[PDB]
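Q: Sharing a structure with you now.
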Amino acid sequence: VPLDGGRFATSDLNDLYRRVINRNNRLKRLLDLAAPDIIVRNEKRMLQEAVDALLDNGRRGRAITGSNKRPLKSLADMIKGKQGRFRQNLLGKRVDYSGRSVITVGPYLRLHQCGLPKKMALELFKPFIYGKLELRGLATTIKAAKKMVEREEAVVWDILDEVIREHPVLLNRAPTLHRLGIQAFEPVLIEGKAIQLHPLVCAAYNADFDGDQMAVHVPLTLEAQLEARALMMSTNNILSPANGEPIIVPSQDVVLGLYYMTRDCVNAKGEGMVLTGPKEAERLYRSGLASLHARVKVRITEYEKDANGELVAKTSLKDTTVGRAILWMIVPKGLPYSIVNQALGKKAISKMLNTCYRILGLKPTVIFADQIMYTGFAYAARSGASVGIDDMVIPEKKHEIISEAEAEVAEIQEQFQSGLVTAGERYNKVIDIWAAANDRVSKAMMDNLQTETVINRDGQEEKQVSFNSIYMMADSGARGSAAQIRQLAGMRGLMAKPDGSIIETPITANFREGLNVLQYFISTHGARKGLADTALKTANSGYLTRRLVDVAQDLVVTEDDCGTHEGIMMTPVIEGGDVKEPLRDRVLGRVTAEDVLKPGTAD
Amino acid sequence: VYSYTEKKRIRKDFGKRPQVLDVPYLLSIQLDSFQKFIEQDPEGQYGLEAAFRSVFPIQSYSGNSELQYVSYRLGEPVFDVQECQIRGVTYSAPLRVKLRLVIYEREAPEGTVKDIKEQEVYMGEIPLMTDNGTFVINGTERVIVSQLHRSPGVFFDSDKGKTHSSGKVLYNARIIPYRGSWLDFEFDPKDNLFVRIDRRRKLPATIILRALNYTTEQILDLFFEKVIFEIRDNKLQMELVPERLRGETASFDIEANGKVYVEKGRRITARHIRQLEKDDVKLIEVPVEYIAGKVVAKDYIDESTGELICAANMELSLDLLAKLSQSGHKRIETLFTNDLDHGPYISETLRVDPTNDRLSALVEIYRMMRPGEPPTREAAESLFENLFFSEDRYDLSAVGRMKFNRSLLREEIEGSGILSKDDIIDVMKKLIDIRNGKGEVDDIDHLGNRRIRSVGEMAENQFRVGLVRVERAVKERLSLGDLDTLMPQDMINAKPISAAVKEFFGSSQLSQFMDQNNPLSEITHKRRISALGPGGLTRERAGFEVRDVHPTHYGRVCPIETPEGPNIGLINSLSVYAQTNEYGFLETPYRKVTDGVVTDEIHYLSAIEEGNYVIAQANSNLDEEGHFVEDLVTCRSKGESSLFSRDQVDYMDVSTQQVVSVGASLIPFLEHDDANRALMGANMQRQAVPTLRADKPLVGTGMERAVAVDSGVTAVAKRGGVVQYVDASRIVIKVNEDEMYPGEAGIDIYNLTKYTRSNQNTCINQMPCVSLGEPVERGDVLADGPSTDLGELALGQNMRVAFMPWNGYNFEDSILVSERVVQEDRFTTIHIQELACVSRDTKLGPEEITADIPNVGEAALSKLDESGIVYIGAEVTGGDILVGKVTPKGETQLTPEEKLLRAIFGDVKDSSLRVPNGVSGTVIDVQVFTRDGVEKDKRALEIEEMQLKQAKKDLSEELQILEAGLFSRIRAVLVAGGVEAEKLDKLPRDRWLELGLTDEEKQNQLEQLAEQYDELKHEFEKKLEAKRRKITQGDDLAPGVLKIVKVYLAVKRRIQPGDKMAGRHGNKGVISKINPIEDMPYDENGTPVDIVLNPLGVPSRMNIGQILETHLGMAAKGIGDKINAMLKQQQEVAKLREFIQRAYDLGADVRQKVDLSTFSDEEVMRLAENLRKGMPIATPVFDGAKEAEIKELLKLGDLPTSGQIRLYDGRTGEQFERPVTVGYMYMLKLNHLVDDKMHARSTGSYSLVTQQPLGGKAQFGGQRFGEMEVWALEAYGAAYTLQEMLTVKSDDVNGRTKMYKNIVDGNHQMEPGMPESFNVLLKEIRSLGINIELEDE
DNA sequence: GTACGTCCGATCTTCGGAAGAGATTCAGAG
DNA sequence: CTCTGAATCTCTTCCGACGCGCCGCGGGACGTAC
RNA sequence: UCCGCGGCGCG
Ligand SMILES: [Mg+2]
């Protein structure tokens, strides 16, 4: 290829070929005049290393380079490694009709539909638009169609709306690890230069919105479109193929809203009356005459399929809160009422939706998830809970616990100075007493923060669960942990040195209070170790995954029943203490090798 | 106590601990490094003179000739910085040196030379130093990074457990010279001492020892002790020494003087040791069975026979004892050979030794280092003398010598650059001692084991390589010298040295194209320490320990600043107050502490000295007399945090800011957030982008002024005064009388740098920030630059922040933004792109550069003038034609008969430049560079005339002001000596010469000054001619090009959803949807917030200081709008003075102690109106204000104590049940926009090697499927899908054309065809001698 | 100073980690 | 003493994520005609 | 420039 100007860009193969043909010409003219044997032997040898280097540079002995110090390319260099033709151009290749952009949410959509920019829709479906407009007879040749789409009149946006109506497309993310990493939706046109996606799919994708890039491709033929619509829909992909855990779990926000919903105080505005139906409940809630989480005697009429699939309606009066009735409005017929009469934990609601899918079906499950999410955001916005500086109730006993621990370690040091204990033994006992003090202060802080709320209860006084915002954000299970809040309020405890040993000096302060130079400096060790491990592990994970996948590419189910009578005796695992995995969770969903009999022998 | 401009806007500051030392100059490492290499230091050291004396003395092979050196000199630059960056030429200076050539006479080498000749000779060209410390090569500034590497010296490594799989850990010795071959000694699983030269094969240790003409007996004497056996009245006995009996079980009853001292067969005890040392037991007789397991050391020969009774290193037997007894040898000497102390490793190795001659050892090493060559003793000697004793090939630096002496516990820290015999001997002794278990190895992770390089070091190394090559050539020529028939210029070539320096400056591993978009970006890029590069570890081979932070890293290298990715822990940055050692190590300042008082003296401590001492922490409270009120204070001995007595320390920390680097030091409330979030936040601030209009940050750290002054982007005054004239492009200062020099008074001119291209396609612009007529002091700001405001650096903007979940638009990190913020366009940023246009010299005629092109529209050429270049300031769309260009092709082949046939039925080809599609804007500036010898178009003529009038304006104004000063001094002189007060100014100044005066100095000085006036006009005109010739002359370009055209297009990039926003804590986020002004929540007052965040990120990530900055923002905004409301009504200044005094006096004991009683009322009201946009607050790093101080600031205003405020809904307008934390926070915009990574393609070009779509954005391409994507898709059951992925859209050209025709026909059908990449692989394997085929269908 | 003919040396060095080939050997039965 | 000889020691090779985004350099020297 | 190398940055 000629580069800029009258110069040309050459490959190493050209230079290798010219070198070997020059050496061949040297051989040809050399034997013409009967050259001496030493010279012809040396020249033939030089030809041998020349042809060997053309085959492979530096495979035997020293390599050779061009003008640049980089070694010359070989014939095998188009096969070996990533730069080889296999992994660079054969197994994978660049494909036309593709797009890449940045993701956003746009939570006003459905699970099976996603947004897409106007310009990207115009660019991607150019031949389809051309064909449709030619069918409608708005042009004669392609050039007129090209001019009109270059003018982007209003007569083409309606056509683009028409072509997208039922056409599905697929979405892809770069670091996919599971088959659910690619899903196909029906795109919906939206203005802007970004793409909106349903909040559920990113949790399965393990993708946040910090600026990650997204890939999109389009099925062309009818068979491609219908086979896309067939298998990889969001409705058809709700459970992980690896384990029976559903992938439709709500992560952070709507679970927080629902947890705030089903938390009833002892007394508030509009307390202690009766009410007929959840329509009146939401009427009262919007009227503002009663608290959203006030306990009220109400009646419901739920449906139970205890018959042979026949749903029977039963009615009675129940004691509950307003918000539970409001969420009972959105419940379909088949659910029993007792499932929503508690704190509605994240695991609890996950089990609830799993039971709903396994009992009622699929369409009620996905629609129930959709409007549950809608109502969750609605009531979360109505709530408006926020974090505060005073949300970390500092226990008053922290200082005296610190003083007691300091006195104890001073006593231990005094014992050491008397020549009565070794350095290792005193080191261990100081570690033990620091751990004991940490556990005591942790218990004190959690006791202080768990139930400090006090209310006159329209009586004398009482104590109930704590309405600390951090306590709801932690106990709901959305984000955080007991260790995290423990570090937030109490002292963070002890940490280990980079060598693997643990420093004796504790971090006797929380992040709310100030920290000295030394504690931050030592915690830098652990932070750096964690980040280094996270950065380094990815390459090893990728290598091992590729090694695992490259060997099992052939095993495919081919027959129905091999008809063999050989099975395995497998037992629940017990290391010696508590049973680790029960047999029921290990044998579930498998075909019995033989007719297993009850221990009623001969039965 | 503050200057004039500081009093314009003073920032309120917190802080209790008094400072003792100011922040040093940040850009000091590079300046200190380079102000040693060009400076002509006396007597030569660490500079050019060292390498000169190292290589310049050269002599021929006894040809009675020698070249030597006298002195060097550097010339002035041919161009200034601005012209060099505009044209793209290097900013370099000449290198001039004078050399002497001498030729000795025959039959007298020591006699005086025949003749000498002297000349000046030129070679090489090095770049200069910018004040900002950058290097401009091709019109692009570049920055070199300092390299960290292992310090030269000796080393000891252990290898715990990994090798031999048995726990028998080996030990090795690493010798790393500064410039020479490495040397390695190693152990074996059989405990054999072995050596390896340059990582070659394994050879025994004693080979070199006997190669140094050492007898085996001498080696045994050096490395072993003596045990003496003496023949007496009954055979053999031994002299007993107590220390030779430690930890041993007796072989017999140890009795002497007829008394039992140690019983038979029992272990020696400490009581028995005392018995032995008290009884003075010199001798004892031992049975020969105990002796029969020992080895003789020296060679004993019978003099009568002249034969060897027993050889050296031979185990002794009773027959040999009888032979030596009967031969008359009564003296027997053996070795101690202790089981635990002195193992016979050397003796065993000598037993295994196959060679026992100096000649044999020389032949062995000679054949091992080069197989297949004949051995010779002289050749072996010549090789060995060049191994570790030739200065030319082997050289250890002085610092390496000092490290070597320190590791061997020597006394002189100085020595030669080569090793010695005793060096090898005591190194072997040290390895033996470490093998014995006494002593400890030296870790490589410790800071004192590494040295930091500098630009001068690598510059000198590359210079030395170039000079040794060229001196090899010069010596080759000098071996063929003549009788002064040649010129001293011809043998020397400047080409190799220049090539060596330009390859180092251009494309070295450490000569990367530097990044510059923000002042902090350069100040943190220059202060970078890298472990990569030549002489450094590779990215893949790095383990955890090299990335790990050492306990000694405190106060020297910042552990809180490092990039994240494949390279973490290797691109670390040094601390703030850290400085360099003379040897090349790192040091940190400390405060001298007496017995009870901490003296304000500052000492500098090396990297090792802190181990022997103990240091107190900075935050240690104390009295006003230096006495710590506590007696048990937290300190560290060797990185162990512990509490010691009241008086046991020597030094204490200078301040709390000597721990982190400058990048992390700009984050307030750092102690209340997690370290990892601090890392990502520092990275985000490192990736900032300037905006059109900046606003001051409410929360400051203190060094923002230091950051601004340390950056050269601002024209800081070198001399104070009062500004005479002000303009948007030029500033002139009237110099004060004290600061001005007597002769050539002068007034300085500052020329601002206007809109110009940055390395990140952004704009670098400077604007004035001072009024007219105000006084200015020295070292003060005059005109702000990008993101700079009145002497401080302002990056982001203050937004009314709120923390609550709003309808899920803030799901995890998304954020909703009002259009109110973009109504003023305060977050809109500018972007500028450079377009290249070349008029190359090609075959068949050069290409032509006009717009006379067929097949174009009239409107296409309408924008272009008659010259073919669009007018300045014309709006352009995407994909339009920029300029017209046509290229001749030739190939006429004129047919005289068939010419008419060419017209019956049925050249220069256009190559017009077009703007890439998708980007629009308005053209700003077009620059054309024309090589000399080619006619210049009119457009270039008016461009040159633009530059001409610019130069004429500057020269005329400076000449006019100089003439004004000269005529003023002429009038002042003429007032005395012929007094004419009113006669002088009646007449115009054009005639001030021939006034009638008598014979004094005044009249003669008048003619002299008229002559000086004419002379100054003359040199002014000469300078004008030189400058206009330089501008109008052609410029050197690439071969085969006539001229090059540069195009600058400016685009105003507005905000839009998809952009990446972030704060100052790593709290990332992407804007999701703009929402109308009405729908945000609003308060009782009626001012709604504009940005809403996600409160749920606080529980997850260990960062909580955001609430603190939020409350500080509330306090600052309350003070600011209280001031604004107070000033809105016309009010008297005393109330404002009282209120501001109350505000500034609020707080605990601080170092501010400011009052308004010393300020003019005009200055007071100017500050007051300057503070109406908020009250700036400064906080220290770790001595920041606590919650109580926030409480007093809140109670000063009318805000609630808790800070949380009830809000009204914006969607429907109702009260929320809970109060919500709201406030103001300094949010940052970063360079990663949304419409710069987004791209799509339906159909485009295909590669030539394979018919596949391209990629990227410079080429219209698409994304690529991976093998992992293939696995993901084949996990599902879609079989056809992958088939059309790999068939329809990828390879089959016939198939893709046919389906395209089908699609435009409305049918969507798939036909496979055949992939051609498989055919390509088939042809590849067919090129090899292996036959591929395809069988029957 | 530019088109063209023609070919390309004394030399760095610091990775686990294993797989595998080959060299050596010293251990024991004949 | 000898001849395998298996067992161990020593030398040589290949392999280390995955998409990108942007930027910068790119045969060159070097003698021979002319 | 059609590709290679190097650098930096992003996930
Ligand atoms: Mg991400």
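Chain identifiers are assigned as A, B, and so on, following the order in which chains appear in the structure tokens; residues are numbered from 1 within each chain, and ligands are numbered from 1 in order of appearance.
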For ligand 1, list the contacting residues at 6 Å or closer, counting only C-alpha atoms (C1' of nucleotides) and all ligand atoms, as a list in words.
A: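 Based on only C-alpha atoms (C1' of nucleotides) and all ligand atoms, ligand 1 is surrounded within 6 Å by residues 208, 210, 211 and 212 of chain A; 11 of chain E.
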Q: Would you return as a ChimeraX atom specification the members of segment 765-993 of chain B that DSSP assigns to helix (DSSP H, G or I) on this structure's backbone?
A: /B:820-823,858-862,899-904,938-975
Q: Using only C-alpha atoms (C1' of nucleotides), find each residue in chain E having at least one atom no more than 8 Å away from segment 12-30 of chain D; report its shortest atom-to-atom pair and that distance in Å (one decimal), rows by chain then rising number, as CSV.
A:
residue,atom,partner,partner_atom,distance
E:6,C1',D:25,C1',7.9
E:7,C1',D:24,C1',7.6
E:9,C1',D:21,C1',7.7
E:10,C1',D:21,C1',7.0
Q: Could those residues be written to a file, using N, CA and C atoms (P, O5', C5', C4', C3', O3' and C1' of nucleotides), as a PDB file, in the first residue's frame?
A:
ATOM      1  P     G E   6       4.820  -2.818  22.106  1.00  0.00           P
ATOM      2  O5'   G E   6       5.000  -1.351  22.692  1.00  0.00           O
ATOM      3  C5'   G E   6       6.294  -0.790  22.851  1.00  0.00           C
ATOM      4  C4'   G E   6       6.232   0.708  22.998  1.00  0.00           C
ATOM      5  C3'   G E   6       5.221   1.234  23.998  1.00  0.00           C
ATOM      6  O3'   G E   6       5.661   1.128  25.339  1.00  0.00           O
ATOM      7  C1'   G E   6       5.064   2.483  22.007  1.00  0.00           C
ATOM      8  P     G E   7       4.607   0.781  26.500  1.00  0.00           P
ATOM      9  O5'   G E   7       4.032   2.203  26.920  1.00  0.00           O
ATOM     10  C5'   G E   7       4.902   3.311  27.086  1.00  0.00           C
ATOM     11  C4'   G E   7       4.159   4.613  26.956  1.00  0.00           C
ATOM     12  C3'   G E   7       2.864   4.706  27.738  1.00  0.00           C
ATOM     13  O3'   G E   7       3.074   4.991  29.107  1.00  0.00           O
ATOM     14  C1'   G E   7       2.515   5.507  25.546  1.00  0.00           C
ATOM     15  P     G E   9      -2.434   6.177  33.144  1.00  0.00           P
ATOM     16  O5'   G E   9      -3.947   6.318  32.666  1.00  0.00           O
ATOM     17  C5'   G E   9      -4.609   7.571  32.717  1.00  0.00           C
ATOM     18  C4'   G E   9      -5.889   7.556  31.920  1.00  0.00           C
ATOM     19  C3'   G E   9      -6.885   6.467  32.276  1.00  0.00           C
ATOM     20  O3'   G E   9      -7.649   6.772  33.429  1.00  0.00           O
ATOM     21  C1'   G E   9      -6.649   6.577  29.932  1.00  0.00           C
ATOM     22  P     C E  10      -8.241   5.588  34.338  1.00  0.00           P
ATOM     23  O5'   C E  10      -9.566   5.148  33.573  1.00  0.00           O
ATOM     24  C5'   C E  10     -10.564   6.101  33.247  1.00  0.00           C
ATOM     25  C4'   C E  10     -11.541   5.554  32.239  1.00  0.00           C
ATOM     26  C3'   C E  10     -12.283   4.296  32.651  1.00  0.00           C
ATOM     27  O3'   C E  10     -13.393   4.571  33.484  1.00  0.00           O
ATOM     28  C1'   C E  10     -11.501   4.077  30.424  1.00  0.00           C
TER      29        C E  10
END
Q: Could you list, as a compact mmCIF listing (two decimals) with C-alpha atoms, in the first residue's frame, the residues of chain B having an atom within 12 Å of chain C when counting only C-alpha atoms (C1' of nucleotides)?
A:
# COMPACT_ATOMS: atom_id res chain seq x y z
CA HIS B 149 15.30 1.63 40.13
CA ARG B 150 17.37 -0.59 42.40
CA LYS B 162 9.64 -22.27 46.77
CA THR B 163 12.70 -24.16 45.51
CA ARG B 174 23.73 -10.20 43.64
CA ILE B 175 26.32 -7.67 42.43
CA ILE B 176 24.74 -4.80 40.51
CA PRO B 177 27.31 -2.32 39.15
CA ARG B 179 27.78 0.27 34.45
CA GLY B 180 29.26 -3.20 34.06
CA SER B 181 28.63 -6.91 33.96
CA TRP B 182 26.66 -8.47 36.80
CA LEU B 183 28.19 -10.99 39.19
CA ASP B 184 26.27 -13.73 40.99
CA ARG B 196 27.23 -17.45 37.56
CA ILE B 197 28.57 -14.68 35.32
CA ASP B 198 25.93 -12.75 33.33
CA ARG B 199 23.38 -15.50 34.12
CA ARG B 200 25.53 -18.11 32.36
CA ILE B 444 14.68 -5.26 48.36
CA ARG B 469 30.59 5.11 19.41
CA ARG B 472 35.57 4.47 18.39
CA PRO B 534 14.60 0.48 30.76
CA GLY B 535 16.26 -0.85 33.87
CA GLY B 536 12.83 -1.40 35.43
CA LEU B 537 10.43 -4.27 35.96
CA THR B 538 7.84 -5.18 33.34
CA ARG B 539 4.08 -4.92 33.79
CA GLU B 540 3.42 -8.67 33.72
CA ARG B 541 6.27 -9.78 36.00
CA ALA B 542 5.27 -7.49 38.88
CA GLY B 543 4.21 -9.28 42.06
CA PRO B 1039 10.99 16.07 1.92
CA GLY B 1040 8.65 16.22 -1.06
Q: Could you list, as a ChimeraX atom specification, every residue within 9 Å of segment 312-315 of chain A, counting only C-alpha atoms (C1' of nucleotides) and ignoring same-chain residues fewer than 5 positions away?
A: /A:299-307,333-334
Q: Just N, CA and C atoms for this one: save the residues we selected as a short mmCIF file (atom, residue, chain, number, x, y, z; two decimals), in the first residue's frame.
A:
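Contents of out_35.cif, as written:
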data_model
loop_
_atom_site.label_atom_id
_atom_site.label_comp_id
_atom_site.auth_asym_id
_atom_site.auth_seq_id
_atom_site.Cartn_x
_atom_site.Cartn_y
_atom_site.Cartn_z
N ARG A 299 -60.95 -5.60 55.92
CA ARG A 299 -61.38 -6.87 55.36
C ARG A 299 -60.92 -6.98 53.92
N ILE A 300 -60.55 -8.19 53.51
CA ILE A 300 -60.15 -8.48 52.14
C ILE A 300 -60.89 -9.73 51.67
N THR A 301 -60.87 -9.94 50.36
CA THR A 301 -61.48 -11.11 49.72
C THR A 301 -60.48 -11.66 48.72
N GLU A 302 -59.61 -12.56 49.19
CA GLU A 302 -58.59 -13.14 48.34
C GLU A 302 -59.09 -14.43 47.70
N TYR A 303 -58.32 -14.92 46.74
CA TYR A 303 -58.63 -16.15 46.02
C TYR A 303 -57.60 -17.21 46.34
N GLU A 304 -58.06 -18.44 46.55
CA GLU A 304 -57.19 -19.57 46.83
C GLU A 304 -57.49 -20.70 45.87
N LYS A 305 -56.44 -21.26 45.26
CA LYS A 305 -56.57 -22.35 44.31
C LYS A 305 -56.40 -23.72 44.96
N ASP A 306 -56.86 -23.86 46.21
CA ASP A 306 -56.74 -25.12 46.93
C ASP A 306 -57.45 -26.28 46.24
N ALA A 307 -58.40 -26.00 45.35
CA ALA A 307 -59.05 -27.03 44.56
C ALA A 307 -58.13 -27.45 43.42
N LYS A 333 -54.92 -12.66 42.13
CA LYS A 333 -55.93 -13.39 42.89
C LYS A 333 -55.31 -14.49 43.76
N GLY A 334 -54.35 -15.24 43.21
CA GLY A 334 -54.00 -16.53 43.78
C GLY A 334 -53.19 -16.48 45.06
#
Q: Using only C-alpha atoms (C1' of nucleotides), find the residues of chain A whose closest atom to chain D is at most 7 Å away, then write them as an MDAnalysis selection string.
A: chainID A and resid 67 174:175 538:539 542:543
Q: List as JSON lines every residue of chain A that is in contact with chain E, defined as an atom at most 10 Å from one of its atoms (using only C-alpha atoms (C1' of nucleotides)), together with the nearest atom pair and the distance in Å rounded to one decimal, sorted by chain and then rising number.
A:
{"residue": "A:1", "atom": "CA", "partner": "E:2", "partner_atom": "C1'", "distance": 7.3}
{"residue": "A:2", "atom": "CA", "partner": "E:2", "partner_atom": "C1'", "distance": 9.1}
{"residue": "A:3", "atom": "CA", "partner": "E:1", "partner_atom": "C1'", "distance": 6.9}
{"residue": "A:4", "atom": "CA", "partner": "E:1", "partner_atom": "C1'", "distance": 8.4}
{"residue": "A:9", "atom": "CA", "partner": "E:3", "partner_atom": "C1'", "distance": 8.7}
{"residue": "A:10", "atom": "CA", "partner": "E:3", "partner_atom": "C1'", "distance": 9.2}
{"residue": "A:11", "atom": "CA", "partner": "E:3", "partner_atom": "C1'", "distance": 8.4}
{"residue": "A:68", "atom": "CA", "partner": "E:5", "partner_atom": "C1'", "distance": 9.0}
{"residue": "A:69", "atom": "CA", "partner": "E:5", "partner_atom": "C1'", "distance": 9.7}
{"residue": "A:70", "atom": "CA", "partner": "E:5", "partner_atom": "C1'", "distance": 7.6}
{"residue": "A:73", "atom": "CA", "partner": "E:4", "partner_atom": "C1'", "distance": 9.7}
{"residue": "A:174", "atom": "CA", "partner": "E:11", "partner_atom": "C1'", "distance": 9.6}
{"residue": "A:175", "atom": "CA", "partner": "E:11", "partner_atom": "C1'", "distance": 9.6}
{"residue": "A:210", "atom": "CA", "partner": "E:11", "partner_atom": "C1'", "distance": 8.6}
{"residue": "A:211", "atom": "CA", "partner": "E:11", "partner_atom": "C1'", "distance": 7.5}
{"residue": "A:212", "atom": "CA", "partner": "E:11", "partner_atom": "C1'", "distance": 6.0}
{"residue": "A:213", "atom": "CA", "partner": "E:11", "partner_atom": "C1'", "distance": 7.8}
Q: Selected residues, N, CA and C atoms, written as a PDB file, in the first residue's frame, please.
A:
ATOM      1  N   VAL A   1       0.849  -1.193   0.000  1.00  0.00           N
ATOM      2  CA  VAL A   1       0.000   0.000   0.000  1.00  0.00           C
ATOM      3  C   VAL A   1       0.886   1.244   0.000  1.00  0.00           C
ATOM      4  N   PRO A   2       0.606   2.233  -0.851  1.00  0.00           N
ATOM      5  CA  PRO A   2       1.383   3.481  -0.834  1.00  0.00           C
ATOM      6  C   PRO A   2       0.911   4.388   0.293  1.00  0.00           C
ATOM      7  N   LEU A   3       1.838   4.778   1.161  1.00  0.00           N
ATOM      8  CA  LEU A   3       1.518   5.671   2.266  1.00  0.00           C
ATOM      9  C   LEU A   3       1.513   7.114   1.759  1.00  0.00           C
ATOM     10  N   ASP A   4       1.477   8.070   2.686  1.00  0.00           N
ATOM     11  CA  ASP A   4       1.424   9.488   2.345  1.00  0.00           C
ATOM     12  C   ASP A   4       2.601   9.894   1.468  1.00  0.00           C
ATOM     13  N   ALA A   9       4.312   1.398   1.894  1.00  0.00           N
ATOM     14  CA  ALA A   9       4.384   0.626   3.130  1.00  0.00           C
ATOM     15  C   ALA A   9       4.477  -0.852   2.773  1.00  0.00           C
ATOM     16  N   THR A  10       5.558  -1.497   3.194  1.00  0.00           N
ATOM     17  CA  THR A  10       5.824  -2.886   2.855  1.00  0.00           C
ATOM     18  C   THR A  10       5.675  -3.786   4.075  1.00  0.00           C
ATOM     19  N   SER A  11       5.504  -5.074   3.802  1.00  0.00           N
ATOM     20  CA  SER A  11       5.460  -6.105   4.827  1.00  0.00           C
ATOM     21  C   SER A  11       6.804  -6.817   4.908  1.00  0.00           C
ATOM     22  N   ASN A  68      13.530  -0.906  12.271  1.00  0.00           N
ATOM     23  CA  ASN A  68      13.203  -0.858  13.684  1.00  0.00           C
ATOM     24  C   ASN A  68      13.748  -2.098  14.385  1.00  0.00           C
ATOM     25  N   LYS A  69      13.991  -1.961  15.686  1.00  0.00           N
ATOM     26  CA  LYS A  69      14.540  -3.060  16.469  1.00  0.00           C
ATOM     27  C   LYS A  69      13.532  -4.173  16.719  1.00  0.00           C
ATOM     28  N   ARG A  70      12.268  -3.974  16.362  1.00  0.00           N
ATOM     29  CA  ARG A  70      11.277  -5.031  16.491  1.00  0.00           C
ATOM     30  C   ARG A  70      11.615  -6.178  15.543  1.00  0.00           C
ATOM     31  N   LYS A  73       8.345 -10.279  11.174  1.00  0.00           N
ATOM     32  CA  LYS A  73       7.231 -11.208  11.280  1.00  0.00           C
ATOM     33  C   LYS A  73       7.544 -12.518  10.566  1.00  0.00           C
ATOM     34  N   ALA A 174     -19.701  -5.756  26.896  1.00  0.00           N
ATOM     35  CA  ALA A 174     -18.370  -6.272  26.577  1.00  0.00           C
ATOM     36  C   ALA A 174     -17.891  -7.379  27.512  1.00  0.00           C
ATOM     37  N   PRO A 175     -17.910  -7.236  28.873  1.00  0.00           N
ATOM     38  CA  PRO A 175     -17.372  -8.289  29.743  1.00  0.00           C
ATOM     39  C   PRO A 175     -18.410  -9.311  30.209  1.00  0.00           C
ATOM     40  N   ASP A 210     -21.969   4.048  35.655  1.00  0.00           N
ATOM     41  CA  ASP A 210     -20.811   4.914  35.815  1.00  0.00           C
ATOM     42  C   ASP A 210     -20.166   5.281  34.484  1.00  0.00           C
ATOM     43  N   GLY A 211     -20.823   4.982  33.374  1.00  0.00           N
ATOM     44  CA  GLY A 211     -20.284   5.224  32.059  1.00  0.00           C
ATOM     45  C   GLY A 211     -19.929   3.987  31.256  1.00  0.00           C
ATOM     46  N   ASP A 212     -20.512   2.834  31.570  1.00  0.00           N
ATOM     47  CA  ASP A 212     -20.210   1.613  30.841  1.00  0.00           C
ATOM     48  C   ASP A 212     -20.739   1.691  29.414  1.00  0.00           C
ATOM     49  N   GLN A 213     -20.064   0.987  28.513  1.00  0.00           N
ATOM     50  CA  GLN A 213     -20.422   0.969  27.105  1.00  0.00           C
ATOM     51  C   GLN A 213     -21.283  -0.248  26.794  1.00  0.00           C
TER      52      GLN A 213
END
